[PDB]
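First, one chain by itself: the form deposited in one PDB entry, in structure tokens.
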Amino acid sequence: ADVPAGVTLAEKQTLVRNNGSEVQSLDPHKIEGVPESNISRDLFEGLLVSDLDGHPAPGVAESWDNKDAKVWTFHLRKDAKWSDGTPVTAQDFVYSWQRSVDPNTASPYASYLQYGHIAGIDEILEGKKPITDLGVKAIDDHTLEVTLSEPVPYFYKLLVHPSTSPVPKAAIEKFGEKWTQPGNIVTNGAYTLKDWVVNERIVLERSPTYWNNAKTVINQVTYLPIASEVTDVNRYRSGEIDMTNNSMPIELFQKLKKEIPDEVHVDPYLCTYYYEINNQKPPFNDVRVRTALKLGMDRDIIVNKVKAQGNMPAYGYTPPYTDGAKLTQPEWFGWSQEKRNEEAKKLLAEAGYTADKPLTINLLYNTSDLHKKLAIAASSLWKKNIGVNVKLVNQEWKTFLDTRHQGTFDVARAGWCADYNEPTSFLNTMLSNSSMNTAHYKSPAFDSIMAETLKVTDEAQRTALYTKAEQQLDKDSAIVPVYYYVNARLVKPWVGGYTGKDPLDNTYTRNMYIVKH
């Protein structure tokens, strides 16, 4: 943290944040969600971190080199240390990345380093080649060399993601899944784990072995797992919570904005709210049925509910403000809803679903006051607009994510947030082979467009291809875009170091401080 001149720090440097739900895991290879990443960024530190503006900055690596954006060499800082005093080495990263891509690990982010095209990865992910063939090596204890199968100019931007953080071999092998328990866990971020009470709290405490501990200010941070936005705000107003989750109660926003205007932060956020269709679940294996569902949704009515927060109605997957995106709106997005509804019902009839023989589907969502209200509106809209009957099903975060990977759902509320600020962070999740493809969308044509993005010579051509990717995704009605996110949360006046200027919102507790109050 960089505390300004004049600021008087409080004696008690402690922070309470709502994390929104109970984490899947504290193992960096077993996570895929925002809540999981939030805690992971305090506990483990990779080669690079995000600075306050979201730009990649030195983490364990203090400097780095690249040849032709294909061989990357990272010089690791000599004082990088684990919480048990031992050094963080190149060898740690080799072990960790290998573990990330091992089929036996079953990481939901197994495909993340394949987004960077590390040599050997394709056949390792399929179980045809051993993990030790991965193109990552420890040249010496403090020099990590990564070899890619082709130039990837943005490869370095991936390396801030927690799935690329190092993990402690000895704790994992001694304790298996219990390695992340308070007595067993070994960490290399600014904090370590103090306490973990399921469905109550996770308490982290400052770790003096952290190389940059001298700059850390907060001594203890508590993360809470409260899924109810309304409860989050209530416990904020009564003094328990210092920072809410970035999920507002629709109905309370304007009142908050009127009563405590200086505590309401609203910033750009590179995430898209959508209804993910299970493309492998009949009848949604029919492009006509998916298209009907996409067109029949009234984005204007949904967005109008959160209007005060400034959300924009969505026409695709990749947020239009993503670095490197110059997206086009498809023709259907310029129609009236009436016209959209008429098209949708004709499509349904072509597929054989009529007024007299209507479709009933299940809409899955994760427990949340916001998603519930929006799901009730979505069901009502679909019934009235295109004659589809929609039943709601709610599941807790961890299980919700499980269900979507297992494919035991029809349609699901979903939100995806960039992991690095470049359109492949989104588009690579719809690759046929991706560990993150919960839509179960498989288009050889799409995959082929994405393979072309790394064969072109300049960034303008790459940008034009990302637009071709989105157009293909839309032509296949893989998902039902709803709205582009904003990052809206409550932050107490004495909390310092929250700038909100990173559009991916990768904040670190080590950057905050408590002003005397």
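All residue numbers refer to positions in the sequence shown, first residue = 1. Throughout, rigid core stands for the largest set of C-alpha atoms superposing within 1.5 Å between the two forms.
Same protein, other form: the form deposited in another entry, not shown, and the subject of what follows.
Align on the core first; then indicate which of 137, 383, 117, 75 has a CA shift of 2 angstroms or more between the shown form and the other one.
C-alpha shift of at least 2 Å: 383.
Do you see a C-alpha shift of 2 Å or more at residue 457 between the shown form and the other one, with the core held fixed?
Moves: yes, 2 Å or greater.
If I superpose the two forms on their rigid core, does the C-alpha of residue 229 end up displaced by 2 Å or more between the shown form and the other one?
Residue 229 C-alpha, core-superposed: shift of less than 2 Å.
Is the C-alpha displacement of residue 162 equal to or greater than 2 Å between the shown form and the other one once the rigid core has been superposed?
No; that C-alpha moves by less than 2 Å between the shown form and the other one.
Answer with closer or farther for the CA-CA spacing of residue 508 and residue 401 in the other form compared to the shown form; it moves by 3 Å or more.
The answer is farther, because the C-alphas of residue 508 and residue 401 separate from each other in the other form by 3 Å or more.
Between residue 323 and residue 58, does the Cα distance in the other form come out closer or farther than in this form, changing by 3 Å or more?
Note: Cα gap between residue 323 and residue 58 shrinks in the other form.
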